[PDB]
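Student: so I've got this experimental structure, pasted below with the sequence.
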Amino acid sequence: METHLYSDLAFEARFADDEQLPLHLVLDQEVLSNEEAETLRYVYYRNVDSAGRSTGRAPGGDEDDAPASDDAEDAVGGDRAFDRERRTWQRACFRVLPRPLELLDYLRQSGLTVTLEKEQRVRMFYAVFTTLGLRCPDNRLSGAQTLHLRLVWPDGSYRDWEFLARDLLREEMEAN
Amino acid sequence: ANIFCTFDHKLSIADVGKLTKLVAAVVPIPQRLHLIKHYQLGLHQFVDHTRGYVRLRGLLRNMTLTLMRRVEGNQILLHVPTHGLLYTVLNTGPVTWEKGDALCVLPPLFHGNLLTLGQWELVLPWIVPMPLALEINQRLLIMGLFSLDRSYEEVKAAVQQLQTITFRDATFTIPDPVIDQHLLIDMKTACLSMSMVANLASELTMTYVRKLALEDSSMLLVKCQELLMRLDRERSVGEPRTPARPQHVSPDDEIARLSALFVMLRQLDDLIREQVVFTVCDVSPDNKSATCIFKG
Amino acid sequence: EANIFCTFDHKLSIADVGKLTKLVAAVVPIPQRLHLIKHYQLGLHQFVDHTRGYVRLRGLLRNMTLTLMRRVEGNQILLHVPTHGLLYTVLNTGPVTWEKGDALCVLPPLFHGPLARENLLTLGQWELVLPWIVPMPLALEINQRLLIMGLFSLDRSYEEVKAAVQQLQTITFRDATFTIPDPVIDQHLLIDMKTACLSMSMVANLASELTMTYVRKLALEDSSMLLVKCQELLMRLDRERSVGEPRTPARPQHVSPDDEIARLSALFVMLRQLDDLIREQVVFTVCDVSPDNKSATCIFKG
Amino acid sequence: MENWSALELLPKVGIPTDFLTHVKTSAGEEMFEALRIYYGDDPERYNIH
Amino acid sequence: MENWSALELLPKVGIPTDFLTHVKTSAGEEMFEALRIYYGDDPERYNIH
Amino acid sequence: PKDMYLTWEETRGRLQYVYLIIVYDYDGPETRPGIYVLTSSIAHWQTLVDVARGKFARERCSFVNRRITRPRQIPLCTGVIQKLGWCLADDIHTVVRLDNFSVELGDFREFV
Amino acid sequence: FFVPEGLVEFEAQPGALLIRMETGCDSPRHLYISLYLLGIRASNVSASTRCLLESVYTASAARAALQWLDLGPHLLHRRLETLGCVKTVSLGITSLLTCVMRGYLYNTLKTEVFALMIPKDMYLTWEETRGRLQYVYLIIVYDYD
Amino acid sequence: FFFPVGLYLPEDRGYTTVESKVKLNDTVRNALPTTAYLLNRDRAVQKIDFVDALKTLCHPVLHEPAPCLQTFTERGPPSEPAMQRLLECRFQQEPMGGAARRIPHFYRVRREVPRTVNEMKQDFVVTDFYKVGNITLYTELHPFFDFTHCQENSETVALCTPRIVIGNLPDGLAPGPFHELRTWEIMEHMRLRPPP
Amino acid sequence: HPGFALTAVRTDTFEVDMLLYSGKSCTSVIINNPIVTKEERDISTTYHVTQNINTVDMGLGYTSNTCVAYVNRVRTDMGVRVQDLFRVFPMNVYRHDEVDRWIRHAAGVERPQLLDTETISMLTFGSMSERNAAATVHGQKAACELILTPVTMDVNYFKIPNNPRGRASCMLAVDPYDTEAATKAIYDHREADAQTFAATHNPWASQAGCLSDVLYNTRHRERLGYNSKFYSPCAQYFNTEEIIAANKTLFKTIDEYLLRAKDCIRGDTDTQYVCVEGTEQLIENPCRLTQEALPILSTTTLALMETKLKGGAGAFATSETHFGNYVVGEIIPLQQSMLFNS
Amino acid sequence: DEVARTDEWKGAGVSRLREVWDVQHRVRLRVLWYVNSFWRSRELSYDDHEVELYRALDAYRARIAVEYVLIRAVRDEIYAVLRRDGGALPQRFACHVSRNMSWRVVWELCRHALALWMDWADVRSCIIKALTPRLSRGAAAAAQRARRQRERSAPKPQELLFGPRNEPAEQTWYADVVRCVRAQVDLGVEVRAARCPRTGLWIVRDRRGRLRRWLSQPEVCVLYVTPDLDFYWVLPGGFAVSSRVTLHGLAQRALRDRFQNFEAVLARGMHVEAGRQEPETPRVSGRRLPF
């Protein structure tokens, strides 16, 4: 719970350099296993734009459109392709609660006041509270953007889930 | 341990009568040497025009204090006090003492009855209660901060208000740190250091709460970040849009920031802390000497 | 209570008792403060465990009480816990230059650089390693560099942190050079970073509108060496923030000096709180050193 | 490493030891093989094993 | 570690030894602390330095 | 006194040092300072302050909350440690009082 | 026999094999190498022991014998000639050895029986029950891979 | 000192050597042991049951086989080449919608599956199972779980599965007649020892 | 009855007057003059007078012997109060809260408590968590158990002195200083077992990774979070590395038995904690030398215990067996004629 | 009262909980919507024309399809070199063989296994997993240094007689094992491999050194890839066909977007020293009290 407020205020204070918008999430047994959620090191997100590459590169053109050409020496470009690939990810905050709970009764056990339209009392065995950012380039925002959720365990392996921006804001953007 | 302090000069018996009034006073010595001359006695080994105050308080941290015990005609028995046992010292400084007060030691800038020789003089540090010591310490430090802008007159009224000091039977004139529209050099480094520490405290926590809340993030970090947002919003309210801090910083500039923050924090310990020396016990009548425990 | 007896388990050779009898008036850290102890509880080798963290040894060594070694007679060494304010003598085993008038601290054994591995005591599966009796400025520099290595290394790849830490681990003190062996990120180190971050933000809030701009005023006024050497740092800061010009300061609007005195008082409170996290307590203040720097005497407890 | 306590407690032959340089100079600049200089008064001579 | 040559050269006393078990068994099962069991005639006791 | 006494221990350390600790809880409108007498097996000051910070972080967040909710009012401190001495683990007596007590009137050492 | 200083490491202990190796030159044309210095040529030797004992022969003449073993058109045993076992050194800059041709190995006055040393990698037995006697043989077996 | 409680003697080897002395009414509560009577420091009949062992039986470390799994997987497959026959499993995952027509398509091969391990723990009788003739004794580690070594993506990986009921214990460790007597005890508990 | 059968062990400490035999001048005791040391107090003046003693053995073999002769009382209660695992592992809780609360209401343990830090455990010696009870009518107590199979053949595993581990883990049968053969004798299972020629007797108790093995090897307890102060009676049978370290020639094993392999139980506390290198008393344990536990008189039903008590002397020696009931008899009549003998 | 944003944040509460799926409909994660976020007070506009969704689906199609077009390139290369040599393949892997044996049926089983492997390709396979070390950080200087050390001249006696001592005969190979007795395909397989010194062929063992024993089984077929992207496809009997995997018909940033190998930063419990033996994981778990 406690990470959502902090990330809200952080994206508020960092809004003029990048116009990211907060995206407070919860993950549960439908996503990753409890053995995976007990050793989950950190998360990773990336605001890939609507039509093209990503946010962490030049808008028009780069030196990564070229073929790899199957060489041994600079197999994929060299180190600069590694730097471009490392720069485009941003680290979101992270908080995992590895005990079974109910979300609404948890938030009422904290100070918040959930007023849901009908009792969708969701139950889960472990709740990891994550909070991504999604970009608006101008103050408007296209629905054709997508996200890339990257979950990292300390062995080096990862998993990737992707979803668009349209389904995220299908009703809540239409509620404002 | 005993120290024998002799004089190479001729000692007049009138000056013996002056010196026996200093039957037991605090004097500092730069190094615990058994037989010593009188040129290392007192604070006359550090007096000049240019150093001033903070140099003496820095050099008083590493000096060892001692008490005069008896007077021979050409040597003085100095007696280094030890912790826990108690001794009778004399109230040298202008403030009078009360029972229970923790006594601290300070260089006598205002001082103005001393041993007099041809080139050597005797000067003894003020034995002041600790709250007055911290009080005049922060008074002198704020008076050093105001030293650049005294061309205006309400700030002249401010430093005139800061000039006097309220205590029991006490109206002292703390001397002006800025002389001839210029500051003495160690106070200049001190005020500059606390100024730049106050600057980097603003300019680095905005990065480091982000760097630290990727761990377990309690509500301490959340209210800290909101307080930082309040500072940023009240800072740049009369300014253009935002300072707009970046995320991808060069490493070595951050190292040069943080090491500078700590190394200039290092040279402010003499001003933020106080060596307590004596905890006083039952005082003599009219408060000119007192039995005190040496808490060193 | 003042004297404690440690007895050995192994038989002692002539080489063993000869190595021990050179260790008279040396420092020994004992955790337990019991009247009688075995040699497994002696010194520091019961907690020496590499790939764990130098801050762990710095934390637990801070809690262990000290003693001096005298009257060794075989199967007993008769350690003597010193009390406060009396005059005792200390032989430094670690190759640290000692100067008079100086105050000492206790640090875990950081290696000299050749890695001599002079255990200076032989058992079958036990060694007598010793903490380093170190002067105060070196220990202060160690704590400072440790906290800098702690704060910098968050969220960094191995490349830049390697190229910085290989510079940062190297220390110098009076024609010597030491390194920090196990600088890893630990829990106590982490909570010390959080307290340092809270304290630094409190210094940020509790600065008035004139102490913040004093360096700007002097940057208009004077040009010394350290004026430039601080102005470059603040200029690079304000240029990485904004691409404008660093503004000249203004006139002080609200002057009401009790607010400034209380403001500096709260600043002093938070700054002493920040300063105590790098300063260790003085465990020995010297009186006079040998000219060989092999021993000295000290007026403090353990 | 020899037992310097054995040198201390055994009775010695009095010799007019008069070498050229200063004693500390000839010691600290390594003229002899194995040196052992205690500056105070070491009690290691009083422990017999 | 143990000067076993001094045992073979210095004149001993003559004692009636009564080991509990057989003496080679008590040697091979290491009741005692330091052993120098061998066979034949070692000339080790002759090269005195 | 049974009310002011507390510990975070099984009190099976041999040399039980004692510590006066007060705090400043700003959940009340003015202040609700919880005065406390605290024994501990731990003797060093700084690591004890770190354990107390681990135990009293709610008062720290209340302290920062007072700082944000009222800028003109200065927050004084957060708490002050002062040791008094040390005893033995059998010298306690359940009002809990001590039969022997070595004294050491230490200093007011603040902490946040 | 004389020997340069570059080969007398692992030789201050008495008792070790000594084989003179051939050399197609004229002046140093015969050279007396120990068995352990031949250990950097055997494929039987594992990597750990080889990296140990090659890290003691980092002098001038040891690598010259290493090159001279691997430079001719012939095999090893057409260039190796056994001399037997040493019993004393002399330890100069040109050390003098005393090899034992036939008979036992002992000190002067026979006060100490020297022992033949062979490294563990070259050792090889083909029976679990050794007899009252067992002879020793030196086996060179070539891998024509 | 040590003593057992609640064991199960076999029925086909049952006997009585105290006939003239004791005579117990033939209810099931006397026909199945659940107590143990010892003597105190005084000559006094104390009694221990399963009820008083609740400070041990219900601990959360007893149900966590993760250090057990780690110790079981560090010593991996049995290096004996004579027993390369039991560590064969193919535990795949496929969709279920096409299965109803793939079930005559599964037997379009004429090659058998190897025998599973939990099948191999059931063809031993009550008394040889502790002998070395059993192969699967390195699989039985814990009365709450099933440990095995068999293959995923052509690599022998250790697999620990929980025995959700008590039926998954092997018959050598938990025979059928014991279950029948246990049910008889349950029927006596519900006042049903003559059933309708 | 659930689908298994637990079997308990316990350690029971008696009070022994052992007699000592020694030949004429077995040792030589060298003394010297007393040495004084002066300690100055404010009022008193306490002198510690000292005198050092060297004892030299004047024998080749064991020149002096002892024997255990007479008991007079039993210090422990010899009860069946089951060992509280929730206090020796105060950290391991159930994941869901309500089932954990319901188990804590089911058993007697009230709440889990946090284990101490590393530095606190450096300063203090141990936990000593559990409370002394009010009325301790029979003495101190211990009873710890192992989950066993209900098909364990009782006639050879509960009637003779047997190692309750599953195998005969006697290290002395192993040829000394051989580490591979030791794990081949106590851990492997594709071979026979000593003293009972099956592979094992309990597959949940013998090999590595049993709940006994993960619960009573002390290294497996350090791998999780355990409590150090409590004494485990099982721990002498499952600390494997201590037994491998006890693999010497048998004279050295006897020397370590009379020198280092004696245990500590504090006599004042109500449970059985361990001494913290205490010089008070070292408890001689002959079970650790042989790695065997002794069977105590256990009885399934009331009536078999009744006809045991009705019978005369030596009635405890037999082992009567009904259809589904059984009595294991004591291998030594120390319940027959110890407390009656007094 | 300058009342904090935290209290109005909590007392403002959360509007509604909305769940959402991913694009592949695999995971389903839930999103909260707090009212006191600054999301409301920025007055954002929002619109989605369908051509942008079409281009987004095409770009996501490329991001999913890069792996399978690499596998299709592999299959095309196999068939290309199999047509190119004319059907005659050598034995590159050591296995004893018999002469009187039916070999046309092994060709039929090889075609069957090839079609089966193309049916069951996945992103967790040989070429992808062997490609992940090639995309790493220090791969460029490592391959350059290995190329220079391979292409070094014959050493003169100077560097042999006074210079430093000189100096990977085994390889870390990746394998896809297919098998048609059960139609079981095994994807992520690691194989230790080196040369048989008695001959010139390859010996394939496990990391334990099992001497991997599927090559004698007449029904399996394996694909081998090497870290220098050498290619092998081995039918039973040790005969195999070799090539290079060609990725030059593919973009660069797609390959780094898809499965670029990860680089980690420092967290708690990690060595600030580079490369020592770390302690255990942080392991925030629910079995213990969380301390």
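Tutor: Thanks, I have the structure now. Residues are numbered from 1 along each chain as shown, chains lettered A, B, ... in the order given.
Student: and the residue of chain F closest to chain A?
Tutor: residue F:61 (10.7 Å; C-beta to the nearest C-beta). For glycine as for every other residue, the C-beta is placed from the backbone atoms N, C-alpha and C.
Student: quick check, that residue in contact with residue B:224.
Tutor: No - using C-beta atoms under 8 Å, residue F:61 makes no contact with residue B:224, being 9.2 Å away.
Student: and the two? Which one has more around it.
Tutor: Per other C-beta atoms under 10 Å in any protein chain shown, whichever of residue F:61 and residue B:224 has more neighbours is residue B:224, with 29 against 20.
Student: could you look up the SS state of residue F:60?
Tutor: Assigned by DSSP: H, G, I helix; E, B strand; the rest coil, the conformation of residue F:60 is helix.
Student: which residues touch it?
Tutor: The contact partners of residue F:60, taken as C-beta atoms under 8 Å, 6 or more residues apart in numbering or on different chains, are B:220, C:198, F:53, F:78, F:112.
Student: is it correct that the fourth one is in contact with residue F:23?
Tutor: Looking back up the chat, that one is residue F:78. Yes - between residue F:78 and residue F:23 there is a contact under C-beta under 8 Å: 6.9 Å.
Student: joint contacts of those two?
Tutor: Residues within reach of residue F:78 and of residue F:23 at once, by C-beta under 8 Å, 6+ apart, are residue F:59.
Student: who's in contact with residue I:288?
Tutor: Residues in contact with residue I:288 (C-beta under 8 Å, 6+ apart) are I:236, I:257, I:261, I:263.
Student: next one: residue I:237
Tutor: Residue I:237 makes contact with I:9, I:163-165, I:169, I:216, I:291, I:293, according to C-beta under 8 Å, 6+ apart.
Student: A helix includes it, no?
Tutor: Yes - looking at residue I:237 with three-state DSSP, it is inside a helix.
Student: measure it to chain E for me?
Tutor: 26 Å (C-beta to the nearest C-beta, to the nearest Å).
Student: kindly report the same for residue B:54.
Tutor: 65 Å.
Student: and the stretch 101-250 of chain J, which residues reach chain A?
Tutor: Residues of the stretch 101-250 of chain J lying near chain A by C-beta under 8 Å from any C-beta of the partner chain: J:134-137, J:139-140, J:143-144, J:147, J:228-229, J:244-250.
Student: now the buried members of the residues you listed.
Tutor: Buried residues within these, defined by neighbour count using 16 or more other C-beta atoms under 10 Å in any protein chain shown: J:134-137, J:139-140, J:143, J:229, J:245-247, J:250.
Student: what lies in contact with the lengthiest helix in chain H?
Tutor: Secondary structure of chain H per DSSP state H: the longest helix is helix H:176-189. For helix H:176-189, contacts defined as C-beta under 8 Å, 6+ apart pick out H:8, H:11, H:27-29, H:31-32, H:167, H:193, H:195, I:1, I:3, I:150, I:324.
Student: may I see the buried residues of it?
Tutor: Neighbour counts over helix H:176-189 (16+ other C-beta under 10 Å) mark H:178, H:181-182, H:184-185 as buried.
Student: what of stretch H:104-117?
Tutor: The neighbour-count check on stretch H:104-117 (16+ other C-beta under 10 Å) flags residue H:117 as buried.
Student: what's the answer for stretch B:282-296, then?
Tutor: B:283, B:289-290, B:292-296.
Student: span of it from start to end?
Tutor: End-to-end distance for stretch B:282-296: 19 Å, by C-alpha to C-alpha, to the nearest Å.
Student: check which helix or strand covers the residue in chain F positioned nearest to chain H.
Tutor: Closest contact between chain F and chain H, by C-beta to the nearest C-beta, is at residue F:10 (19.9 Å). Using DSSP states H and E, residue F:10 is not contained in any helix or strand.
Student: what's the answer for residue B:70, then?
Tutor: Using DSSP H and E, residue B:70 sits in strand B:64-71.
Student: buried sites along that strand?
Tutor: The neighbour-count check on strand B:64-71 (16+ other C-beta under 10 Å) flags B:64-68 as buried.
Student: can you give me the helices in chain F?
Tutor: F:45-55, F:57-69.
Student: most tightly packed of these?
Tutor: Neighbour counts (mean count of other C-beta atoms under 10 Å in any protein chain shown) averaged over each of the helices of chain F peak at helix F:57-69, with a mean of 21.
Student: can I get the buried residues of stretch B:282-296 in CSV with secondary structure?
Tutor: Formatted as CSV, those follow (three-state DSSP):
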residue, secondary structure
B:283, strand
B:289, strand
B:290, strand
B:292, strand
B:293, strand
B:294, strand
B:295, coil
B:296, coil
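Student: nearest to chain G, of the residues you listed?
Tutor: residue B:296 (58.7 Å).
Student: surely that closest one meets residue B:83?
Tutor: Yes - with contact defined as C-beta under 8 Å, residue B:296 counts as touching residue B:83 (5.5 Å).
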